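**Q** Residue numbers (the entry's author numbering): 5 to 241, 266 to 378, 387 to 392, 396 to 445, 454 to 881, 897 to 1030, 1390 to 1692.
For each residue, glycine too, the CB sits at the ideal point set by N, CA and C.
Pasting in a structure now, in structure tokens, and then I'll have a few things to ask.
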Amino acid sequence: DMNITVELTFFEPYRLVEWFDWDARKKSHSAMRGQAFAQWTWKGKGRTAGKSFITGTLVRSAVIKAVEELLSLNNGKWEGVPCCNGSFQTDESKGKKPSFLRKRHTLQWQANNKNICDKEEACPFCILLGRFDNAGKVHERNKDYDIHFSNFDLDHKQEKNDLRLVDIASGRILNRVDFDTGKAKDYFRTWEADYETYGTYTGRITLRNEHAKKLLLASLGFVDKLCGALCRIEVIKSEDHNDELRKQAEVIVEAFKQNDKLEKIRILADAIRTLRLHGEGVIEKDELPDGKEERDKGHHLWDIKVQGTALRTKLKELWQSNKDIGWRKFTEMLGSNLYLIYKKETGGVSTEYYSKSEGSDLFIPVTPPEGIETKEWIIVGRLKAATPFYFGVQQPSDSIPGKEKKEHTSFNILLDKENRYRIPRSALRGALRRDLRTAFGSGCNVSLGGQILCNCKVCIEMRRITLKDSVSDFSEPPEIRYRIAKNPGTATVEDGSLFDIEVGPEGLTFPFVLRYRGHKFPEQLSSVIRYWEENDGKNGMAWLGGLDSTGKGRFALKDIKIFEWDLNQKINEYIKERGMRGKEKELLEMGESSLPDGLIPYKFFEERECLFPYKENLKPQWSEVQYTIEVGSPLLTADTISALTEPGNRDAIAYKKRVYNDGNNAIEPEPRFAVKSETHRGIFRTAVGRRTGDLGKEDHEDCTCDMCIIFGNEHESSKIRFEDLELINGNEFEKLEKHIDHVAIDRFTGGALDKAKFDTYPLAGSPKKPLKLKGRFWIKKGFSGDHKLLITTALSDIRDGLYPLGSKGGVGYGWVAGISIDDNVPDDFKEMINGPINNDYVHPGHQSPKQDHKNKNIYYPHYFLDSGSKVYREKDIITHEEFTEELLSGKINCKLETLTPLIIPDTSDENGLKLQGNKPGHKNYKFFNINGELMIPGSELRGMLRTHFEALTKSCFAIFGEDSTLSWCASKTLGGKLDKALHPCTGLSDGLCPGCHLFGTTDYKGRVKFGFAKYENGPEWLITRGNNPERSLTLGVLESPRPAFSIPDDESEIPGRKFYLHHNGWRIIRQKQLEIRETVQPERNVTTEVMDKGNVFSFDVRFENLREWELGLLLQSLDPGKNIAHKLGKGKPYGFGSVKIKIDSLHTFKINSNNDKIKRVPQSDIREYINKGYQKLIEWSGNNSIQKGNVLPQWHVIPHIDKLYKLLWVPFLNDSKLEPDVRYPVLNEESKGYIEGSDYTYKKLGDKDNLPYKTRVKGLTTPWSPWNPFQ
RNA sequence: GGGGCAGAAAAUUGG
RNA sequence: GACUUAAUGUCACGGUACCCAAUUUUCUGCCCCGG
Ligand SMILES: [Zn+2]
Ligand SMILES: [Zn+2]
Ligand SMILES: [Zn+2]
Ligand SMILES: [Zn+2]
């Protein structure tokens, strides 16, 4: 007769739905799906506020199910009073159906009450159902209910105004994933509610019969789930901030637009988001990277003036203005506001199925056997991330709960309201369903519109499993990972291809709870649990999440404890302890002597080698290939966003990870260097696609090609999964990172271009101290022999060195020196994976000035090569998408010998040896070295051979600064004084010159790759006696080239390329070291280490898809003959750096032949290649009067080749007793170092009356012409 | 009598 | 006590936001005549 006040509390995020009564419910789909949830009603107009509740019929149905199970446990009795089976059928002619219909099994027992229930006397089950009362199916007064359930209202703790929907709920999209294809079929939305603040409901139950109070009070403690969440039932006795950020973002955007730097703004946007990982101290202690020393403009982005002041001080005042919103939200909103303002001021703004009627209404009774036992098993443990993980979520401003009717980061991660990482229940349940279907061998696809319960084994085992959601104890921000796609025809970045993913740290831990209520513990669930866990030898194989092909989401299970609860003897202890729901964290730390009564540990849990679904169905599913790459070159996988926000002021730095630690709950102090999984996934995919030839297809829609089978497409998932490549020997290095700076050289002036100096910071790789990267990839069961052969072929192509890792591969960065395969790799994979060339061409030098002399003449140190104006441009560009049969591909092994001393400085250390303490401002350097090994960079060799190849084949001026203007006023810039055909190639529509076709442009990758040269043998360190280091030399003063001497007199044109002369002018510099160290300021000259003549260096050149004449011209540009050499390094006017390259070996390979391999290519074939190049030069010339035949080619019949080989002629080589005297003039006598009667000043040469302008230009164009008697 | 350049140009998402 | 349930019948713990894409292409740390 007396009321019972009931409080239900949630321990999991529950579900919400809108309220429609009964007739408006059939119009909407979300409410018909959303029964057995919690309900939300709007209070007042405007669709903003309301209240949530839980209906009494839902709690009544839960209590009815609990009473049915509790009576089925004790065989139709409860504390001595027996009950009948009840009634669950309603005839259609007498009365109406009760507004909710049952599709599940009804548990029944043997009715031993020996009496039929009527209105006068009844069993507890019949008075708890409410069969014999005065109320039914149409409401009347609240009396004449024998048992009444009221509605359950939300216990708001503080009395306030109405509660909003956006403070209680959050929207989410769930999925249904097909098992055969791995792609989604349909999706549906839901609302999830918080349980920490809004998870308590209170209601009333009225019972007017003191015969079923004990069954009701026992059944209230047996209810386990309600509204999609674990529960416990007990009996009691901002817009101003967005706008203020928007106006300041507009201020910064107009400030960058005033300086014509709008395209930087987008990059700055990402930098602001990256500032959420650092502290506020990076704006407070000003740890942003500073500019160069003695520069007016500092950092190129942190010192851009915003309304009069710098950017860092502007961010300081902007954070002092909005310190009240926190650092993380301020950085996120400032980034996601700069993104929108950049998107507006540019000009361009940035299958839903719910389940289902009339017919097939049945009643299915189920009676268990009388002897059977029922138990409940509980498995507790921790889940650990062995890789970065990703749980996908839709964007904010689309996941608003009320406004469902229908940016900067493309893909976000799922987080809690306190910014904690969350493994949802749906992902764990889907992964358990997938692994259980794999373990059983067979299963069904999940049918949604259902009238009969499914009878497959997976569904029977999954209707007895209860899980629980997980949240970590970690609230630090995620990491952004970027991804591009490559255009396979040009080997550059495709248009509209950059996107970004948010990933979490590896090593994080989550709680894990599983429950099973049944008669015996299955072998298949034991197999899945043993498959998911890790031990010694075995690693975990629990794939949760949504980037599995790139290796994201592999978890392991540790600290597993399994407990058992008996229900036929210890049911009251289960009801009293509430199944330990919400107290499972205490069970991991509980001892054996503190367990509650009735809960024992489980001892017959079968081991890994005794389970039959394991090792037959689950273990052969994914196979592991683990290997180790040895890289003997610098390795640069650029970041370009983290380079902006760290101190050092560098352009491109390497890639780092953040690994989380479990023993100490911090992250880690030191990061881990790595190559991403997407990178070597793309390397494998590009290798397989270029071998088979499937990269040339225009579309892969409904494709069953080999690449789409191995690597997946839109309609199928991938059969191979790739993990990261981690550095494993980083503690063997001192100064692991190396600073390498690069420059571009103008083809006319010979000096450095404006705004073309840059720095790279790769990891220090050497041929005697290589980097070691350990990596792993997973392969699936069901691969054929052809596809395994393709994977083995891709690994062999990576090992042979065709695909370099990282960036700047054409100048020698990231060249793979070797690959090793571990011993635990499958055996079929181990079976599958495991003289001197001369030119003899003597060039006749300039006979008239030089060879008839006793060295009494002075020449000019640089001359100009003047070709015509026509450049041959090809519009059929050779593509990078396959290896063609008629073209050539291979490698050249070459050597390098010094004829004159060589200076290659190491500009990472400005102090170098010493000597800035004694004389300050003096720059002194060492030779180039990585880990103490003398090297020449591949960029210098590439630039030297590129300048030679461009001057040989009459191509365009590739690097040429056209904004410079002359003064003696000038008519125009010197870009206007060049012909339009020698201008650099822009775009592929007009075509490409030969130099841009072989070496590349911005929109076309090159087809030649130069490597780092290593020291082999010879006498090093030219020794001078009076010098503070003996291996050292103080150079003369050298400053910028003046184009006013080459083109005076405005009606004059640019006289072609600039080349230097070979002479032994360093012996003047050596003997006068004392006269240079004094009487010259120490801030003008430089001191460097020098190498002597006779040293040998070794390097390699790779090439792919070259024609025959291109290879002939390349082998001619490398070794152009006897008495012709090259020029390399510093001090080229003073004579330094004369090198000779000799070809040692040539190898060619053909991949289209199945069994063929690398070759040796004897001297007849390469002579044929040289002749095929010479015939192409003759055909480009136009003079077809020269005959054809098998003669050794005379290269000096073409005029510009004759001028080029007169510019590069070595006069002192094979004991010919002559040495020229090449030096600059002396600028207006009474100047230092002037001969008595030479008359070699600039005053005499720069007058009009003696040496007019045309004779001066003609003397700067004719090679080796004299200048002191002047011709 | 004196030092310069010290990053520039694309892609910032589509099926 | 309304807003806000119907009582002899609620498998929604009946459904993984899933699938596809190499942060990359090009560049000699170089260099003389006048304010
Ligand atoms: Zn009864
Ligand atoms: Zn099924
Ligand atoms: Zn295909
Ligand atoms: Zn060109």
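For residue 1013, verify whether its CB is less than 8 Å away from any heavy atom of ligand 4.
**A** Along the first sequence, read from residue 1 onward, the residue named residue 1013 stands at position 951. Checking every heavy atom of ligand 4 against the Cβ of residue 1013, none is found closer than 8 Å.
**Q** Could you name the residues of the same chain whose beta carbon sits closer than 8 Å to that of residue 1421, not counting the 5 residues immediately before and after it, in chain order?
**A** Walking along the first sequence from the start, residue 1421 turns up at place 1000. 857, 1427, 1428.
**Q** Do you know offhand how far residue 1471's Cα is from residue 1391's?
**A** In the first sequence, the residue the question calls residue 1471 occupies position 1050. In the first sequence, the residue the question calls residue 1391 occupies position 970. Those two C-alpha atoms are separated by around 7 Å.
**Q** Could you name the residues, in chain order, whose CB is less than 5 Å away from a heavy atom belonging to ligand 3?
**A** Those residues are 747, 750, 752, 755, given in chain order.
**Q** May I ask which residues mark the beginning and end of the beta strand (DSSP E) holding residue 487?
**A** Reading the first sequence from its first residue, position 440 is the one you call residue 487. Segment 472 to 487 is the alpha helix (DSSP H) holding residue 487; no beta strand (DSSP E) there.
**Q** Taking only heavy atoms of ligand 4 into account, decide whether any of them is closer than 8 Å to the Cβ of residue 394.
**A** This model leaves out residue 394; its place in the chain lies between 392 and 396, and no residues are given there.
**Q** For ligand 1, which residues have a Cβ under 5 Å from at least one heavy atom, in chain order?
**A** This selection yields 88, 121, 127, 130.
**Q** For residue 1696, which option in 365, 1453, 1662 has the closest C-alpha, if you only look at C-alpha atoms?
**A** It is not possible to answer for residue 1696, since the shown part of the chain is limited to 5 through 1692.
**Q** Are the beta-carbon atoms belonging to residue 327 and residue 319 less than 9 Å from one another?
**A** To locate residue 327, count along the first sequence from 1; it is residue 299. To locate residue 319, count along the first sequence from 1; it is residue 291. In contact: residue 327 and residue 319 (Cβ atoms closer than 9 Å).
**Q** Expressed to the nearest angstrom, what Euclidean distance is found between the alpha-carbon atoms of residue 17 and residue 42?
**A** Position 13 of the first sequence, counted from the start, is the residue given in the question as residue 17. Position 38 of the first sequence, counted from the start, is the residue given in the question as residue 42. Those two C-alpha atoms are separated by around 12 Å.
**Q** Apart from the five residues on each side of it in sequence, which residues of its chain come closer than 8 Å, Cβ to Cβ, to residue 976?
**A** Numbered from its first residue, the first sequence carries residue 976 at position 914. These residues qualify, in order along the chain: 986, 1449, 1450.
**Q** By how many angstroms is the C-alpha of residue 1673 removed from the C-alpha of residue 1447?
**A** Translated into the one-based positions of the first sequence, residue 1447 becomes position 1026. Translated into the one-based positions of the first sequence, residue 1673 becomes position 1252. Their backbone Cα atoms lie some 45 Å apart in a straight line.
**Q** For residue 181, verify whether its CB is less than 8 Å away from any heavy atom of ligand 2.
**A** Translated into the one-based positions of the first sequence, residue 181 becomes position 177. Because no heavy atom of ligand 2 lies under 8 Å away, the Cβ of residue 181 does not count as near it: no.
**Q** What alpha helix (DSSP H) runs, 4 residues minimum, are completely inside the segment 553 to 638?
**A** Counting whole runs of 4 or more residues, the segment 553 to 638 contains the alpha helix (DSSP H) stretches 570 to 579, 618 to 624, 632 to 636.
**Q** In angstroms, rounded to a whole number, what distance separates the CA positions of residue 145 and residue 73?
**A** On the first sequence, residue 145 is found 141 positions in, with the first residue counted as 1. On the first sequence, residue 73 is found 69 positions in, with the first residue counted as 1. Their Cα atoms are separated by approximately 32 Å.
**Q** Which residue spans inside the segment 1539 to 1615 form an unbroken beta strand (DSSP E) run of at least 3?
**A** Segments of the beta strand (DSSP E) lying fully in the segment 1539 to 1615: 1559 to 1569.
**Q** Pop quiz: residue 841 and residue 734 are said to be a contact at Cβ under 8 Å. What is the actual Cβ separation, rounded to whole angstroms?
**A** Position 794 of the first sequence holds residue 841. Position 687 of the first sequence holds residue 734. Rounded, the Cβ-Cβ distance is 4 Å, consistent with contact.
**Q** Assign residue 596 to buried or exposed, taking buried as 16 or more other Cβ atoms, counted over all protein chains shown, within 10 Å of its Cβ.
**A** Within the first sequence, the letter at position 549 stands for residue 596. Per the 10 Å Cβ criterion, buried.
**Q** In whole angstroms, what is the alpha-carbon distance linking residue 675 and residue 868?
**A** Taking the first sequence and counting its residues from 1, one reaches residue 675 at position 628. Taking the first sequence and counting its residues from 1, one reaches residue 868 at position 821. Those two C-alpha atoms are separated by around 7 Å.
**Q** Would you check if the segment 1475 to 1486 and the segment 1632 to 1644 touch, i.e. whether three or more CB-CB distances between them fall below 8 Å?
**A** Cβ pair count under 8 Å is three or more, so yes.
**Q** On a CA-only basis, which of 771, 71, 1684 is nearest residue 223? Give me that one, please.
**A** Position 219 of the first sequence holds residue 223. Among 771, 71, 1684, the Cα nearest to that of residue 223 is on 71.
**Q** In whole angstroms, what is the alpha-carbon distance linking residue 1524 and residue 951?
**A** The residue given as residue 1524 occupies position 1103 in the first sequence. The residue given as residue 951 occupies position 889 in the first sequence. Residue 1524 and residue 951: Cα-Cα distance of roughly 5 Å.
**Q** Quick test of your reading: residue 602 and residue 425, contact by CB under 8 Å. State the CB separation rounded to the nearest angstrom.
**A** Taking the first sequence and counting its residues from 1, the one referred to as residue 602 is at position 555. Taking the first sequence and counting its residues from 1, the one referred to as residue 425 is at position 386. Right, the Cβ-Cβ distance comes to about 7 Å (below 8 Å), so this counts as a contact.
**Q** What does DSSP give as the partner residues of residue 1518 in its beta bridges?
**A** Sequence index remark: in the first sequence, residue 1518 carries index 1097 (1-based). According to DSSP, which records beta bridges pairwise, residue 1518 is partnered with 958, 1436.
**Q** Could you tell me the alpha carbon to alpha carbon distance between residue 14 and residue 200, rounded to whole angstroms?
**A** Within the first sequence, residue 14 is the residue found at index 10, counting from 1. Within the first sequence, residue 200 is the residue found at index 196, counting from 1. Going by the C-alpha atoms only, they are around 9 Å apart.
**Q** Residue 781 to residue 1511, Cα distance in whole Å?
**A** Translated into positions along the first sequence, residue 781 becomes position 734. Translated into positions along the first sequence, residue 1511 becomes position 1090. Cα to Cα, residue 781 sits roughly 25 Å from residue 1511.
**Q** Rounding to the nearest angstrom, what Cα-Cα distance links residue 1648 and residue 1026 in this structure?
**A** Counted from its first residue, the first sequence places residue 1648 at position 1227. Counted from its first residue, the first sequence places residue 1026 at position 964. Going by the C-alpha atoms only, they are around 25 Å apart.
**Q** Given a threshold of 16 other Cβ atoms within 10 Å of its Cβ, counted over all protein chains shown, does residue 1697 qualify as buried or as exposed?
**A** Only positions 5 to 1692 of the chain appear in this structure, which leaves residue 1697 out of reach.
**Q** Any idea if residue 510 is buried or exposed, counting beta-carbon neighbours within 10 angstroms, 16 or more meaning buried?
**A** Locating residue 510 in the first sequence gives position 463, where the first residue counts as 1. When all chains shown are included, residue 510 counts as exposed.
**Q** Can you check DSSP and say which residues form a bridge with residue 235?
**A** Mapped onto the first sequence, residue 235 falls at position 231. Beta-bridge pairing links residue 235 to 14.
**Q** Could you pull the DSSP bridge partners for residue 896 from this structure?
**A** Residue numbering in the chain jumps from 881 to 897; residue 896, which lies between, is not modelled.
**Q** Within its chain, find whatever has a CB closer than 6 Å to the CB of residue 747; leave out the 5 residues flanking it on each side and keep chain order.
**A** Position 700 of the first sequence, counting from 1, holds the residue named residue 747. Result list for residue 747: 755, 760, in chain order.
**Q** State the CB to CB distance for the pair residue 852 and residue 722, rounded to an integer number of angstroms; the pair is presumed to be in contact (CB under 8 Å).
**A** Here residue 852 refers to the residue found at position 805 when the first sequence is read from its first residue. Here residue 722 refers to the residue found at position 675 when the first sequence is read from its first residue. The Cβ separation is near 6 Å, so the contact holds.
**Q** What's the gap between the Cα of residue 799 and the Cα of residue 788?
**A** Counting from 1 along the first sequence, the entry for residue 799 is found at position 752. Counting from 1 along the first sequence, the entry for residue 788 is found at position 741. C-alpha separation (whole angstroms): 13 Å.
**Q** Under 9 Å, do residue 1404 and residue 1412 count as touching if we go by C-beta distance?
**A** Here residue 1404 refers to the residue found at position 983 of the first sequence. Here residue 1412 refers to the residue found at position 991 of the first sequence. No; because the gap between Cβ atoms is not below 9 Å, this pair is not in contact.
**Q** Considering only their Cβ atoms, is the gap separating residue 1686 from residue 921 smaller than 9 Å?
**A** Sequence index remark: in the first sequence, residue 921 carries index 859 (1-based). Sequence index remark: in the first sequence, residue 1686 carries index 1265 (1-based). Closer than 9 Å, so yes.
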